[PDB]
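Just so you know, structure 1 and structure 2 below are the same protein chain in two forms, each on its own as structure tokens.
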Structure 1
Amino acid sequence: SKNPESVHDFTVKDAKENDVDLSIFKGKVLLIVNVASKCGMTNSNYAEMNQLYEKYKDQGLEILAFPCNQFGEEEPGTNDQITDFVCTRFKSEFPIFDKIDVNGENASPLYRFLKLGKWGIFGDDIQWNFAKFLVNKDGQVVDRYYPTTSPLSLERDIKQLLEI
């Protein structure tokens, strides 16, 4: 809409560049997390996220992954590609949206909003790849975790947040 009140007032692009009204997720627990551009998903975060999905997929937990190139201070070897460098694919169970920036000038309105969560307690810049956010059924930012917190460690909060 126009009054950033909830995460549901936001619409984002999916991998297909098609609009997705986040408002369709109400009633479900949103676990928002920024993923890397790397092409391979080697990181352990994905595996653990899959499990989390495997377990709470049909219970209200929806994982919203967002590719971001603002980190991964890669050690180049043939990366110089400005016409097709971002991974042209993301093989995972949960949904992977269009690549967006989480920090800086062109930051996504959503992350801007996720950052106002809990009176600015969540106001920090996304520290690195895989920062985790938990949103309740009403679209309010409930929790935030550092990249270094494996998805599996968010189970207790996921569980509670679902009333299971």
Structure 2
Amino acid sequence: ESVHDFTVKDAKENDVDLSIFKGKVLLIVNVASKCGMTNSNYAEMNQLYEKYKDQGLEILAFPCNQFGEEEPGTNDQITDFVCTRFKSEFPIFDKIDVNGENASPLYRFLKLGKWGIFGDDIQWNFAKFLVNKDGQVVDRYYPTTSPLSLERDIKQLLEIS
């Protein structure tokens, strides 16, 4: 009934119980390393993280190769890439499918959000979802909406003026 009922695998194929993120607002993003939007999204995510990580924001990055095969590497290559180019401090999880019958259970839940308004297939790399502290998905954004465009909603969810 909430995002906390789910478990996903980390970059090393180990389970991570999402309930450990209770009390935090989640910015969930499907990522890709070889996309035209890669540099701007990771960079902007870094800015949001630095500014809000200590205020309740957690960013979950899920690699996905279902869009133009722009995330073809292994988990190690993906994490090594981010480690080198972006130095991101938020977690990078195991590669997953976001659409189709093998889509992660987490994403199926995300798509049930807001009366089914979020039912659409993930359109491309870097779609975003925001989950409130109550563990319910409240916002979804098209891949073309860069991370910084979500700051207003992030502040609202973190109750920051």
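Here, rigid core means the biggest group of C-alpha atoms that superpose within 1.5 Å across both forms. Shifts are known only where both forms have a C-alpha. Every residue number counts along structure 1's sequence, beginning with 1.
- Once the cores line up, the CA of residue 37 ends up 2 angstroms or more apart between the two structures.
- Relative to the superposed core, residue 71 undergoes a Cα shift smaller than 2 Å between the two structures.
- Once the core of the two forms is superposed, the Cα of residue 92 has moved 2.2 Å between the two structures.
- When the rigid core is fitted, residue 16 shows a C-alpha shift of 1.4 Å between the two structures.
- Note on residue 148: its Cα is shifted 0.4 Å between the two structures, core used for superposition.
- Core-superposed difference between the two structures: segments of three or more residues with every CA shifted 2 Å or more are 37 to 43, 72 to 92.
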